[PDB]
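Below: my_file17.txt (compact mmCIF, C-alpha atoms)
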# COMPACT_ATOMS: atom_id res chain seq x y z
CA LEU N 1 -222.96 221.88 -25.96
CA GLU N 2 -222.91 225.54 -24.95
CA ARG N 3 -222.09 224.72 -21.32
CA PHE N 4 -219.01 222.83 -22.46
CA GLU N 5 -218.33 225.64 -24.94
CA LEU N 6 -218.10 228.08 -22.09
CA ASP N 7 -216.12 225.44 -20.19
CA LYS N 8 -213.60 225.74 -23.01
CA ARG N 9 -214.05 229.52 -22.92
CA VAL N 10 -213.10 229.62 -19.28
CA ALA N 11 -210.37 227.05 -19.97
CA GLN N 12 -208.64 229.33 -22.44
CA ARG N 13 -209.53 232.15 -20.07
CA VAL N 14 -207.88 230.51 -17.06
CA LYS N 15 -204.79 229.69 -19.10
CA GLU N 16 -204.64 233.34 -20.09
CA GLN N 17 -205.02 234.18 -16.42
CA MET N 18 -201.94 232.15 -15.56
CA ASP N 19 -200.07 233.53 -18.56
CA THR N 20 -200.99 237.05 -17.53
CA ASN N 21 -200.12 236.52 -13.88
CA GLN N 22 -196.76 234.99 -14.76
CA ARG N 23 -195.99 237.85 -17.10
CA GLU N 24 -197.08 240.57 -14.65
CA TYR N 25 -195.16 238.93 -11.82
CA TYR N 26 -192.08 238.51 -13.99
CA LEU N 27 -192.21 242.10 -15.31
CA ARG N 28 -192.41 243.64 -11.87
CA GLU N 29 -189.59 241.29 -10.91
CA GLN N 30 -187.11 242.60 -13.43
CA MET N 31 -188.09 246.19 -12.72
CA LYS N 32 -187.12 245.44 -9.12
CA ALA N 33 -183.93 243.95 -10.58
CA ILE N 34 -183.08 247.05 -12.64
CA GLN N 35 -183.93 249.18 -9.62
CA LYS N 36 -181.12 247.43 -7.72
CA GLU N 37 -178.45 249.03 -9.97
CA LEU N 38 -179.31 252.67 -10.64
CA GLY N 39 -178.07 256.13 -9.88
CA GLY N 40 -181.77 256.92 -9.53
CA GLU N 41 -181.88 254.30 -6.80
CA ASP N 42 -179.77 256.69 -4.73
CA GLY N 43 -181.31 259.79 -6.29
CA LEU N 44 -184.47 259.10 -4.29
CA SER N 45 -182.52 259.92 -1.12
CA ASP N 46 -183.40 263.39 0.21
CA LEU N 47 -182.62 263.63 3.93
CA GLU N 48 -179.95 261.00 3.37
CA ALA N 49 -178.36 263.47 0.97
CA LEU L 1 -145.11 257.95 -28.58
CA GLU L 2 -145.79 258.49 -24.87
CA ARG L 3 -148.15 261.38 -25.67
CA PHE L 4 -150.02 259.32 -28.27
CA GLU L 5 -150.36 256.36 -25.88
CA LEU L 6 -151.62 258.72 -23.17
CA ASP L 7 -154.11 260.19 -25.67
CA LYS L 8 -155.41 256.74 -26.66
CA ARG L 9 -155.73 255.70 -23.00
CA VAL L 10 -157.59 258.93 -22.16
CA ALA L 11 -159.85 258.46 -25.20
CA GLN L 12 -160.55 254.89 -24.09
CA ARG L 13 -161.33 256.13 -20.55
CA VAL L 14 -163.79 258.74 -21.85
CA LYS L 15 -165.21 255.96 -24.05
CA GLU L 16 -165.99 253.74 -21.05
CA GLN L 17 -167.35 256.83 -19.29
CA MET L 18 -169.81 257.62 -22.09
CA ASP L 19 -170.65 253.93 -22.63
CA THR L 20 -171.57 253.47 -18.96
CA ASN L 21 -173.44 256.79 -18.98
CA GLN L 22 -175.41 255.45 -21.95
CA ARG L 23 -175.82 252.17 -20.05
CA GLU L 24 -177.62 254.10 -17.31
CA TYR L 25 -180.00 255.57 -19.88
CA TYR L 26 -180.47 252.13 -21.47
CA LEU L 27 -181.51 250.95 -18.02
CA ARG L 28 -183.90 253.92 -17.96
CA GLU L 29 -185.16 252.88 -21.40
CA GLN L 30 -185.77 249.32 -20.26
CA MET L 31 -187.57 250.55 -17.14
CA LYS L 32 -189.92 252.74 -19.18
CA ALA L 33 -190.24 249.78 -21.54
CA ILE L 34 -191.45 247.76 -18.58
CA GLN L 35 -193.93 250.51 -17.70
CA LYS L 36 -195.55 250.43 -21.14
CA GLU L 37 -196.01 246.66 -21.34
CA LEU L 38 -197.61 246.67 -17.94
CA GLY L 39 -201.00 248.34 -17.89
CA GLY L 40 -201.12 252.05 -17.13
CA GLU L 41 -198.46 253.12 -19.68
CA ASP L 42 -196.93 255.46 -17.06
CA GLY L 43 -200.05 257.62 -17.31
CA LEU L 44 -199.55 257.51 -21.08
CA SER L 45 -195.92 258.72 -20.92
CA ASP L 46 -196.54 261.10 -18.02
CA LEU L 47 -193.00 261.40 -16.70
CA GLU L 48 -191.62 260.28 -20.07
CA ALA L 49 -192.92 263.47 -21.65
CA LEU L 50 -191.69 265.40 -18.61
CA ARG L 51 -188.13 264.05 -18.73
CA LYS L 52 -187.75 264.57 -22.46
CA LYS L 53 -189.27 268.06 -22.37
CA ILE L 54 -186.87 269.07 -19.61
CA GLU L 55 -183.86 267.63 -21.42
CA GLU L 56 -184.94 268.66 -24.90
CA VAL L 57 -184.63 272.22 -23.69
CA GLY L 58 -181.07 273.32 -23.14
CA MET L 59 -180.08 273.09 -19.53
CA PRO L 60 -176.82 273.45 -17.72
CA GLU L 61 -175.65 269.90 -17.19
CA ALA L 62 -176.00 270.21 -13.42
CA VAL L 63 -179.65 271.11 -13.99
CA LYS L 64 -180.16 267.97 -16.08
CA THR L 65 -178.55 265.81 -13.42
CA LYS L 66 -180.44 267.27 -10.46
CA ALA L 67 -183.57 267.03 -12.59
CA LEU L 68 -182.90 263.33 -13.00
CA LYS L 69 -182.53 262.98 -9.23
CA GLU L 70 -185.79 264.84 -8.60
CA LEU L 71 -187.38 262.66 -11.29
CA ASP L 72 -186.29 259.43 -9.68
CA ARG L 73 -187.63 260.76 -6.39
CA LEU L 74 -191.05 259.92 -7.87
CA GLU L 75 -190.69 256.38 -6.54
CA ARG L 76 -192.75 257.64 -3.59
CA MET L 77 -196.34 257.90 -2.45
CA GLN L 78 -198.21 260.75 -4.08
CA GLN L 79 -201.53 261.12 -2.23
CA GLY L 80 -200.95 264.36 -0.31
CA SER L 81 -197.39 263.56 0.53
CA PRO L 82 -195.20 266.68 0.20
CA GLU L 83 -192.48 264.42 -1.20
CA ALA L 84 -194.09 263.52 -4.55
CA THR L 85 -196.62 266.33 -4.91
CA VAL L 86 -193.98 269.00 -4.41
CA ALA L 87 -191.73 266.81 -6.55
CA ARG L 88 -194.39 266.76 -9.26
CA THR L 89 -194.78 270.54 -9.05
CA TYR L 90 -191.02 271.18 -9.06
CA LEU L 91 -190.59 268.82 -11.99
CA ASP L 92 -193.30 270.61 -13.95
CA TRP L 93 -191.75 273.96 -13.04
CA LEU L 94 -188.38 272.91 -14.41
CA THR L 95 -190.33 271.57 -17.37
CA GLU L 96 -192.17 274.76 -18.20
CA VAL L 97 -189.90 277.80 -17.66
CA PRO L 98 -188.14 278.80 -20.90
CA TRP L 99 -184.45 278.23 -21.49
CA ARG T 1 -167.99 260.79 -62.38
CA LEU T 2 -170.97 259.27 -64.18
CA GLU T 3 -174.74 258.99 -64.06
CA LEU T 4 -176.06 256.03 -62.14
CA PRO T 5 -179.65 256.46 -60.84
CA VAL T 6 -179.74 256.38 -57.04
CA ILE T 7 -182.20 253.92 -55.49
CA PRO T 8 -183.86 255.51 -52.44
CA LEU T 9 -184.15 253.52 -49.23
CA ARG T 10 -186.15 254.02 -46.08
CA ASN T 11 -183.18 254.50 -43.78
CA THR T 12 -180.77 251.66 -44.57
CA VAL T 13 -177.25 252.84 -45.35
CA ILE T 14 -175.86 250.21 -47.70
CA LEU T 15 -172.26 249.51 -46.74
CA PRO T 16 -169.60 248.03 -49.05
CA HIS T 17 -169.59 244.23 -49.53
CA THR T 18 -172.97 243.92 -47.80
CA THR T 19 -175.50 241.90 -49.79
CA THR T 20 -178.85 243.53 -49.03
CA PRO T 21 -182.36 242.78 -50.32
CA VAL T 22 -183.66 246.34 -50.55
CA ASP T 23 -187.44 246.46 -50.16
CA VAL T 24 -188.37 249.50 -52.25
CA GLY T 25 -191.94 250.01 -51.07
CA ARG T 26 -192.38 253.45 -52.61
CA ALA T 27 -193.78 253.56 -56.13
CA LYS T 28 -191.91 256.86 -56.53
CA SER T 29 -188.64 255.02 -55.84
CA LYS T 30 -189.25 251.80 -57.82
CA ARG T 31 -188.52 253.70 -61.04
CA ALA T 32 -185.03 254.42 -59.69
CA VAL T 33 -184.56 250.67 -59.25
CA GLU T 34 -185.80 249.93 -62.77
CA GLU T 35 -183.42 252.57 -64.13
CA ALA T 36 -180.65 251.00 -62.03
CA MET T 37 -181.17 247.66 -63.76
CA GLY T 38 -181.45 249.48 -67.09
CA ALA T 39 -178.30 251.51 -66.29
CA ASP T 40 -175.77 248.75 -67.16
CA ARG T 41 -176.61 247.00 -63.85
CA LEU T 42 -174.61 249.74 -62.12
CA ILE T 43 -176.44 250.90 -59.00
CA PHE T 44 -175.29 253.95 -57.06
CA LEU T 45 -176.93 253.51 -53.68
CA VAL T 46 -176.82 256.74 -51.73
CA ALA T 47 -178.48 256.58 -48.33
CA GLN T 48 -181.33 258.92 -47.44
CA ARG T 49 -181.54 260.96 -44.25
CA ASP T 50 -181.10 259.10 -40.96
CA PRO T 51 -184.85 259.54 -40.28
CA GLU T 52 -186.91 257.68 -42.87
CA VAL T 53 -187.74 260.29 -45.48
CA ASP T 54 -191.43 260.76 -46.20
CA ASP T 55 -190.39 261.87 -49.68
CA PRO T 56 -187.00 260.83 -51.11
CA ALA T 57 -185.34 264.13 -52.00
CA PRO T 58 -181.97 264.87 -53.65
CA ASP T 59 -180.86 266.89 -50.63
CA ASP T 60 -181.90 264.02 -48.33
CA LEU T 61 -179.00 261.98 -49.76
CA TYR T 62 -175.58 262.31 -48.15
CA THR T 63 -172.35 263.39 -49.82
CA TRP T 64 -171.25 259.73 -49.72
CA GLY T 65 -172.90 256.72 -51.31
CA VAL T 66 -172.00 253.26 -52.61
CA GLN T 67 -171.74 252.06 -56.20
CA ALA T 68 -173.65 248.80 -55.92
CA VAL T 69 -174.48 246.24 -58.59
CA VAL T 70 -177.59 244.20 -59.40
CA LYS T 71 -177.09 240.76 -57.84
CA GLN T 72 -180.41 238.93 -58.33
CA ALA T 73 -182.66 240.62 -60.89
CA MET T 74 -185.82 238.64 -60.23
CA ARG T 75 -189.19 240.34 -60.55
CA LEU T 76 -191.50 241.23 -57.65
CA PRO T 77 -194.33 243.47 -58.93
CA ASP T 78 -196.00 243.69 -55.50
CA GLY T 79 -195.51 247.42 -54.90
CA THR T 80 -192.65 246.69 -52.50
CA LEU T 81 -189.99 245.97 -55.12
CA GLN T 82 -187.36 243.80 -53.45
CA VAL T 83 -183.98 244.30 -55.10
CA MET T 84 -181.03 242.22 -53.88
CA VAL T 85 -178.02 244.51 -54.05
CA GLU T 86 -174.43 244.35 -52.85
CA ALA T 87 -172.33 247.49 -52.63
CA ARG T 88 -169.04 247.11 -54.48
CA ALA T 89 -167.36 249.95 -52.60
CA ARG T 90 -168.25 253.36 -51.22
CA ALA T 91 -167.94 256.57 -53.20
CA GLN T 92 -168.47 260.28 -52.64
CA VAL T 93 -171.37 262.25 -54.11
CA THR T 94 -170.99 265.60 -55.90
CA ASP T 95 -174.36 266.66 -57.35
CA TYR T 96 -177.87 265.30 -57.86
CA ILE T 97 -180.78 265.05 -60.26
CA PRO T 98 -184.22 266.09 -58.91
CA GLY T 99 -186.81 263.41 -58.27
CA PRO T 100 -188.55 261.17 -57.36
CA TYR T 101 -187.18 259.02 -58.79
CA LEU T 102 -183.89 260.32 -57.44
CA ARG T 103 -180.73 260.39 -59.50
CA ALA T 104 -177.25 261.81 -58.96
CA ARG T 105 -174.10 262.25 -61.04
CA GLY T 106 -171.99 260.38 -58.53
CA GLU T 107 -168.26 259.90 -58.62
CA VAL T 108 -165.70 257.11 -59.11
CA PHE T 109 -165.01 254.62 -56.29
CA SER T 110 -163.66 256.72 -53.40
CA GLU T 111 -162.06 254.21 -51.05
CA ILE T 112 -159.35 254.29 -48.40
CA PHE T 113 -156.36 252.12 -49.18
CA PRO T 114 -155.02 249.48 -46.77
CA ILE T 115 -152.14 251.48 -45.29
CA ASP T 116 -149.86 250.46 -42.38
CA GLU T 117 -150.78 246.79 -42.63
CA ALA T 118 -149.31 245.84 -39.23
CA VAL T 119 -151.52 247.92 -36.92
CA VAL T 120 -154.43 247.64 -39.34
CA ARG T 121 -154.37 243.81 -39.43
CA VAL T 122 -153.91 243.86 -35.64
CA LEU T 123 -157.01 245.99 -35.16
CA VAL T 124 -158.93 243.91 -37.71
CA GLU T 125 -158.00 240.81 -35.70
CA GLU T 126 -159.20 242.55 -32.53
CA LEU T 127 -162.37 243.60 -34.36
CA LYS T 128 -162.94 240.05 -35.59
CA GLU T 129 -162.40 238.83 -32.02
CA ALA T 130 -164.98 241.31 -30.71
CA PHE T 131 -167.29 240.41 -33.61
CA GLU T 132 -166.90 236.66 -33.08
CA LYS T 133 -167.74 236.98 -29.41
CA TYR T 134 -170.55 239.30 -30.50
CA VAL T 135 -171.92 236.52 -32.70
CA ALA T 136 -171.28 233.76 -30.14
CA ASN T 137 -172.55 235.86 -27.19
CA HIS T 138 -175.39 238.07 -28.45
CA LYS T 139 -178.23 235.59 -28.89
CA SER T 140 -180.37 238.51 -30.06
CA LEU T 141 -178.72 238.46 -33.51
CA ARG T 142 -177.02 235.10 -34.29
CA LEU T 143 -175.63 236.31 -37.63
CA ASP T 144 -173.02 233.99 -39.13
CA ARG T 145 -169.82 234.84 -41.00
CA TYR T 146 -171.50 234.30 -44.36
CA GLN T 147 -171.24 237.94 -45.46
CA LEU T 148 -167.84 238.66 -43.85
CA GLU T 149 -165.87 235.49 -44.60
CA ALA T 150 -167.75 235.23 -47.91
CA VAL T 151 -165.69 238.17 -49.22
CA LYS T 152 -161.95 237.49 -49.44
CA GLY T 153 -160.58 238.88 -52.72
CA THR T 154 -161.12 242.47 -51.57
CA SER T 155 -159.40 242.21 -48.18
CA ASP T 156 -159.56 246.00 -47.73
CA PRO T 157 -160.06 246.57 -43.98
CA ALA T 158 -162.59 249.30 -44.81
CA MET T 159 -164.69 246.64 -46.57
CA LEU T 160 -164.55 244.41 -43.49
CA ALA T 161 -165.08 247.38 -41.16
CA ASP T 162 -168.29 248.25 -43.07
CA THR T 163 -169.33 244.55 -43.25
CA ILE T 164 -168.92 243.84 -39.51
CA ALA T 165 -170.66 247.12 -38.66
CA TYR T 166 -173.49 246.05 -40.96
CA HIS T 167 -173.77 242.67 -39.21
CA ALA T 168 -174.71 244.34 -35.91
CA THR T 169 -177.84 246.30 -35.11
CA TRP T 170 -176.81 249.64 -33.69
CA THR T 171 -178.12 252.79 -35.39
CA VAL T 172 -177.56 253.01 -39.13
CA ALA T 173 -176.75 256.73 -38.86
CA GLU T 174 -173.40 255.71 -37.41
CA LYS T 175 -173.03 253.38 -40.40
CA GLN T 176 -173.57 256.41 -42.64
CA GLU T 177 -170.95 258.39 -40.70
CA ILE T 178 -168.45 255.52 -40.82
CA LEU T 179 -169.11 255.30 -44.56
CA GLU T 180 -168.07 258.96 -44.71
CA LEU T 181 -165.01 258.37 -42.51
CA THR T 182 -161.61 258.68 -44.17
CA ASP T 183 -159.55 256.90 -41.49
CA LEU T 184 -159.13 253.14 -41.84
CA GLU T 185 -158.78 252.23 -38.17
CA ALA T 186 -161.12 254.92 -36.85
CA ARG T 187 -163.65 252.88 -38.78
CA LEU T 188 -162.20 249.79 -37.09
CA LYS T 189 -162.10 251.51 -33.69
CA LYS T 190 -165.68 252.71 -34.18
CA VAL T 191 -166.97 249.21 -34.97
CA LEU T 192 -164.93 247.67 -32.15
CA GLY T 193 -166.15 250.31 -29.71
CA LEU T 194 -169.78 249.81 -30.68
CA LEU T 195 -169.25 246.05 -30.34
CA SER T 196 -167.71 246.57 -26.90
CA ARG T 197 -170.70 248.74 -26.00
CA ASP T 198 -173.02 245.96 -27.19
CA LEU T 199 -171.08 243.41 -25.16
CA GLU T 200 -171.38 245.79 -22.21
CA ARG T 201 -175.13 245.68 -22.77
CA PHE T 202 -174.88 241.88 -22.95
CA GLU T 203 -172.97 241.62 -19.69
CA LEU T 204 -175.47 244.05 -18.19
CA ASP T 205 -178.10 241.53 -19.29
CA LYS T 206 -176.14 238.82 -17.50
CA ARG T 207 -175.89 240.99 -14.37
CA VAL T 208 -179.61 241.80 -14.28
CA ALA T 209 -180.39 238.14 -15.04
CA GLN T 210 -178.40 237.20 -11.96
CA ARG T 211 -180.32 239.83 -9.96
CA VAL T 212 -183.70 238.54 -11.09
CA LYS T 213 -182.70 234.92 -10.47
CA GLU T 214 -181.53 235.66 -6.94
CA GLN T 215 -184.68 237.70 -6.32
CA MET T 216 -187.01 234.92 -7.48
CA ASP T 217 -184.95 232.39 -5.52
CA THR T 218 -185.40 234.66 -2.50
CA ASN T 219 -189.16 234.86 -2.98
CA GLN T 220 -189.34 231.09 -3.46
CA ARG T 221 -187.28 230.51 -0.33
CA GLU T 222 -189.54 232.76 1.74
CA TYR T 223 -192.55 230.92 0.31
CA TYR T 224 -191.08 227.58 1.40
CA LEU T 225 -190.26 229.18 4.75
CA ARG T 226 -193.87 230.21 5.34
CA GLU T 227 -195.27 226.85 4.29
CA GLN T 228 -192.87 225.14 6.70
CA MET T 229 -194.35 227.39 9.43
CA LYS T 230 -197.71 226.07 8.12
CA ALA T 231 -196.31 222.47 8.19
CA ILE T 232 -194.84 223.13 11.70
CA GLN T 233 -198.05 224.84 12.97
CA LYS T 234 -200.51 222.35 11.36
CA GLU T 235 -198.69 219.69 13.49
CA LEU T 236 -201.24 220.19 16.35
CA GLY T 237 -204.19 220.90 13.99
CA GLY T 238 -205.61 217.38 14.46
CA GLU T 239 -205.48 217.74 18.28
CA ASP T 240 -207.40 221.05 17.95
CA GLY T 241 -210.08 219.17 15.95
CA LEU T 242 -210.19 216.43 18.64
CA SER T 243 -210.66 219.07 21.41
CA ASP T 244 -213.18 220.77 19.04
CA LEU T 245 -215.01 217.40 18.70
CA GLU T 246 -216.25 215.18 21.60
CA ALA T 247 -214.15 217.22 24.10

Written as structure tokens, how would this file's structure read?
Amino acid sequence: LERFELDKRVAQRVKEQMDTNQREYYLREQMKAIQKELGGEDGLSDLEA
Amino acid sequence: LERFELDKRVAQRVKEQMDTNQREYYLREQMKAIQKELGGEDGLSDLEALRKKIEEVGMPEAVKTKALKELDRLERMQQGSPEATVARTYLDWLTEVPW
Amino acid sequence: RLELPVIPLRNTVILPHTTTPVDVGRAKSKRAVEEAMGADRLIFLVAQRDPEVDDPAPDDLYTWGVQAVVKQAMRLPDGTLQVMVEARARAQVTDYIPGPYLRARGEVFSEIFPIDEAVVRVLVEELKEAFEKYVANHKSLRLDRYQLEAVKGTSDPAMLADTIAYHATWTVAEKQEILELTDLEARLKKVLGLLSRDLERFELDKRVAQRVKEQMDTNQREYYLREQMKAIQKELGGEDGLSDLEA
């Protein structure tokens, strides 16, 4: 009973892992996306300036 | 009539100017919004406090702009690099001196 | 110029011809609502300060308010008294009564008349165009024309300017300022400009959505590229096993 209970525990856990990984991955993706169109994208340039 | 049409066109031009300027800060808002939902919270609003404290104190506008450039230079490595460390120090210096 | 008790709000500036269920959560402000029902069903909603006031104060109310009317006087004794109001039209405010509950000796309906109908109807049509594409483009709101097309007898363009501005979700401080505006089309230009700014945000969303889609397509394509390499390299894997076997 308890072994299958922790099987379900790690089942919800592993689904949360995929949910978390998808969300993390996606979040860093659109911050890359916003970084593509910024004045601060060019503001990082020092010797280029 | 020509003067009034010129005035409305100039007002519209300044309107798109300020709207796109706000669009840049909305992009900044969304980027900091990304930083909070990801873990770390930007060191619990580390640069967020810095940027606001700089630009809650009255600056010349050139100072605000070059401060934003030096701010966005913090996309770099910061482990002894004199390109984020000196940037951190310079940012804090602009943050702390009275105006 | 008459006493109507002012119902405090948190920050919501009630605009004319905008049906609003006002959730009066303060027990110090519920008495204003009860006096508004007991005051010939004549509400004088004057908006508080743009920041949500910790204590509704007479000086926290602006010099302009709206003379609303009780629409649905059902009872909710839950502490957060929900009153469904609709502002008849805006009016200016002269002097106040100390509270809470807040009251003020407000004034008569101070409106701006529909003047120069040609340009005004033209800008209202442009505003309704911007608002209709706002409704049909901004999925973040999806608010129908059931509070704008629902009002037709009072076709005052200030009423529509305050209704369309209400239908969108920019800052309500600008709604307070446009309620204090005396120019009919500067109200219309202000709503149209804020709608254009919102549509600029929306097209920015489309632009960044295109950037993220191309970026994920790029990552996917590189992933397929590497696994080909792995499907092009694994070609001789079996031979390696054979040489690693009897050979």

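Here is the contact set of chain L against chain N, at 9 Å and counting all atoms listed in the file: residues 24, 27, 28, 30, 31, 34, 35, 37, 38, 66, 68, 69, 70, 71, 72, 73, 74, 75 and 76 of chain L.
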
Using 7 Å as the limit and counting only C-alpha atoms, can you tabulate each residue of chain T that touches chain N, with its shortest atom-to-atom distance in Å and the two atoms involved, as CSV?
residue,atom,partner,partner_atom,distance
T:208,CA,N:33,CA,6.1
T:211,CA,N:33,CA,5.5
T:212,CA,N:33,CA,5.4

Convert the current residue selection to file output with C-alpha atoms, as a compact mmCIF listing (two decimals), in the coordinates of the input.
# COMPACT_ATOMS: atom_id res chain seq x y z
CA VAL T 208 -179.61 241.80 -14.28
CA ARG T 211 -180.32 239.83 -9.96
CA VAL T 212 -183.70 238.54 -11.09

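Residues surrounding residue 18 of chain T within 10 Å are residues 14, 68, 85, 86, 87, 88, 89, 147, 148, 151, 159, 160, 162, 163, 164, 165, 166 and 167 of chain T [only C-alpha atoms; sequence separation below 4 positions excluded].
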
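Our summary of the geometry notes that atom CA of residue 56 of chain T is positioned 7.9 Å from atom CA of residue 101 of chain T.
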
Kindly determine which residues of chain L lie within 9 Å of chain T, considering all atoms listed in the file, and give the answer as a PDB file with C-alpha atoms, in the frame of the given file.
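Output saved as iface.pdb:
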ATOM      1  CA  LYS L  15    -165.210 255.960 -24.050  1.00  0.00           C
ATOM      2  CA  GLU L  16    -165.990 253.740 -21.050  1.00  0.00           C
ATOM      3  CA  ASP L  19    -170.650 253.930 -22.630  1.00  0.00           C
ATOM      4  CA  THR L  20    -171.570 253.470 -18.960  1.00  0.00           C
ATOM      5  CA  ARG L  23    -175.820 252.170 -20.050  1.00  0.00           C
ATOM      6  CA  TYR L  26    -180.470 252.130 -21.470  1.00  0.00           C
TER       7      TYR L  26
END

Inset, instruction - For residue 12 of chain T, work out the shell of residues within 9 Å, counting only C-alpha atoms and skipping chain neighbours fewer than 3 positions away, then give it as an NGL selection string. - result: :T and (9 or 22 or 47-48 or 50 or 52 or 172-173 or 175-176)

Inset, instruction - Show which residues sit within 12 Å of residue 64 of chain L, as a PyMOL selection string. Count all atoms listed in the file, and ignore same-chain residues fewer than 2 positions away. - result: chain L and resi 51-62+66-71+91+94-95

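One finds atom CA of residue 146 of chain T at 19.0 Å from atom CA of residue 70 of chain T.
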
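In this model, the gap between atom CA of residue 112 of chain T and atom CA of residue 1 of chain T comes to 17.7 Å.
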
Env of residue 133 of chain T: 12 Å cut, atoms = all atoms listed in the file, seq-sep filter 2 positions within chain, self excluded. Answer as a tab-separated table (two decimals) with C-alpha atoms, in the frame of the given file.
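The resulting file, part-v9.tsv, is shown below:
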chain	number	residue	atom	x	y	z
T	126	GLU	CA	-159.20	242.55	-32.53
T	127	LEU	CA	-162.37	243.60	-34.36
T	128	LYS	CA	-162.94	240.05	-35.59
T	129	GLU	CA	-162.40	238.83	-32.02
T	130	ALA	CA	-164.98	241.31	-30.71
T	131	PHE	CA	-167.29	240.41	-33.61
T	135	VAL	CA	-171.92	236.52	-32.70
T	136	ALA	CA	-171.28	233.76	-30.14
T	137	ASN	CA	-172.55	235.86	-27.19
T	138	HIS	CA	-175.39	238.07	-28.45
T	139	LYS	CA	-178.23	235.59	-28.89
T	141	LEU	CA	-178.72	238.46	-33.51
T	142	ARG	CA	-177.02	235.10	-34.29
T	143	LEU	CA	-175.63	236.31	-37.63
T	144	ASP	CA	-173.02	233.99	-39.13
T	145	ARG	CA	-169.82	234.84	-41.00
T	192	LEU	CA	-164.93	247.67	-32.15
T	195	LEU	CA	-169.25	246.05	-30.34
T	196	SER	CA	-167.71	246.57	-26.90
T	198	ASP	CA	-173.02	245.96	-27.19
T	199	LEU	CA	-171.08	243.41	-25.16
T	200	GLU	CA	-171.38	245.79	-22.21
T	202	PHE	CA	-174.88	241.88	-22.95
T	203	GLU	CA	-172.97	241.62	-19.69

Your completed segment 178-193 of chain T with N, CA and C atoms, as a PDB file, keeping the file's coordinate frame:
ATOM      1  N   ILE T 178    -169.646 256.321 -40.599  1.00  0.00           N
ATOM      2  CA  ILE T 178    -168.450 255.520 -40.820  1.00  0.00           C
ATOM      3  C   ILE T 178    -168.224 255.293 -42.307  1.00  0.00           C
ATOM      4  N   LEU T 179    -169.289 255.365 -43.114  1.00  0.00           N
ATOM      5  CA  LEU T 179    -169.110 255.300 -44.560  1.00  0.00           C
ATOM      6  C   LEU T 179    -168.490 256.585 -45.082  1.00  0.00           C
ATOM      7  N   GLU T 180    -168.692 257.693 -44.370  1.00  0.00           N
ATOM      8  CA  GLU T 180    -168.070 258.960 -44.710  1.00  0.00           C
ATOM      9  C   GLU T 180    -166.707 259.149 -44.061  1.00  0.00           C
ATOM     10  N   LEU T 181    -166.306 258.250 -43.163  1.00  0.00           N
ATOM     11  CA  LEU T 181    -165.010 258.370 -42.510  1.00  0.00           C
ATOM     12  C   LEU T 181    -163.884 258.118 -43.502  1.00  0.00           C
ATOM     13  N   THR T 182    -162.776 258.828 -43.317  1.00  0.00           N
ATOM     14  CA  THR T 182    -161.610 258.680 -44.170  1.00  0.00           C
ATOM     15  C   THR T 182    -160.466 257.935 -43.494  1.00  0.00           C
ATOM     16  N   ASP T 183    -160.609 257.579 -42.222  1.00  0.00           N
ATOM     17  CA  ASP T 183    -159.550 256.900 -41.490  1.00  0.00           C
ATOM     18  C   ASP T 183    -159.878 255.423 -41.357  1.00  0.00           C
ATOM     19  N   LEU T 184    -158.916 254.584 -41.744  1.00  0.00           N
ATOM     20  CA  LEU T 184    -159.130 253.140 -41.840  1.00  0.00           C
ATOM     21  C   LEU T 184    -159.402 252.507 -40.487  1.00  0.00           C
ATOM     22  N   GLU T 185    -158.608 252.841 -39.474  1.00  0.00           N
ATOM     23  CA  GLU T 185    -158.780 252.230 -38.170  1.00  0.00           C
ATOM     24  C   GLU T 185    -159.767 252.967 -37.283  1.00  0.00           C
ATOM     25  N   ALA T 186    -160.033 254.250 -37.546  1.00  0.00           N
ATOM     26  CA  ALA T 186    -161.120 254.920 -36.850  1.00  0.00           C
ATOM     27  C   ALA T 186    -162.454 254.285 -37.219  1.00  0.00           C
ATOM     28  N   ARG T 187    -162.567 253.791 -38.454  1.00  0.00           N
ATOM     29  CA  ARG T 187    -163.650 252.880 -38.780  1.00  0.00           C
ATOM     30  C   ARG T 187    -163.567 251.620 -37.927  1.00  0.00           C
ATOM     31  N   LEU T 188    -162.375 251.017 -37.864  1.00  0.00           N
ATOM     32  CA  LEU T 188    -162.200 249.790 -37.090  1.00  0.00           C
ATOM     33  C   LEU T 188    -162.411 250.044 -35.604  1.00  0.00           C
ATOM     34  N   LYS T 189    -161.891 251.165 -35.092  1.00  0.00           N
ATOM     35  CA  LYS T 189    -162.100 251.510 -33.690  1.00  0.00           C
ATOM     36  C   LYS T 189    -163.565 251.815 -33.410  1.00  0.00           C
ATOM     37  N   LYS T 190    -164.266 252.418 -34.371  1.00  0.00           N
ATOM     38  CA  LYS T 190    -165.680 252.710 -34.180  1.00  0.00           C
ATOM     39  C   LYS T 190    -166.508 251.435 -34.112  1.00  0.00           C
ATOM     40  N   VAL T 191    -166.243 250.480 -35.011  1.00  0.00           N
ATOM     41  CA  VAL T 191    -166.970 249.210 -34.970  1.00  0.00           C
ATOM     42  C   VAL T 191    -166.626 248.436 -33.708  1.00  0.00           C
ATOM     43  N   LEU T 192    -165.341 248.390 -33.348  1.00  0.00           N
ATOM     44  CA  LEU T 192    -164.930 247.670 -32.150  1.00  0.00           C
ATOM     45  C   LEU T 192    -165.505 248.304 -30.895  1.00  0.00           C
ATOM     46  N   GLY T 193    -165.579 249.636 -30.861  1.00  0.00           N
ATOM     47  CA  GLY T 193    -166.150 250.310 -29.710  1.00  0.00           C
ATOM     48  C   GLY T 193    -167.647 250.098 -29.589  1.00  0.00           C
TER      49      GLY T 193
END
